[PDB]
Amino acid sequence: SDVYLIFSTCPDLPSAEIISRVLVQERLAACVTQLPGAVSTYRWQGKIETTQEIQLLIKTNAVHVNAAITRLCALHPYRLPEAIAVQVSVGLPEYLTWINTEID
């Protein structure tokens, strides 16, 4: 399908809310789901670091993937945010249509 799920994380609730609201308002994503209480572990210059985060699941389509990612970046606290998109293989047809009609 041409629906894509974009994963990102943000450091807290306002950033998640800002990103979620803006991406939907600007019709770059049909919906954004936040999963709070996430912890991410990564290296930050020779140190194992953990950061509390909100996980985002951004539902969009192929023609909006880049715009959603770049707008996400424009709104993001992080200099280099997670933004990775996975193509949806198949889905409930009316749901895929809804994603598309929301933003196309």
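Note that residue numbering follows the sequence shown and begins at 1.
A.B. asks: On average, which has the higher Cα B-factor in the deposited entry, 47-55 or 33-41?
C.D. replies: Comparing averages over the C-alpha atoms only gives 47-55.
A.B. asks: What third of its chain, lowest, middle or highest, does the C-alpha temperature factor of residue 6 fall into?
C.D. replies: Lowest third - that is where residue 6 ends up once the chain's C-alpha B-factors are sorted.
A.B. asks: Using the temperature factors of the C-alpha atoms in this entry, rank residue 13 within its chain: lowest, middle or highest third.
C.D. replies: For residue 13, the deposited C-alpha B-factor lands in the highest third.
A.B. asks: Sorting the chain's modelled residues by C-alpha B-factor, tell me whether residue 90 ends up in the lowest, middle or highest third.
C.D. replies: Highest third of the chain for residue 90's C-alpha B-factor.
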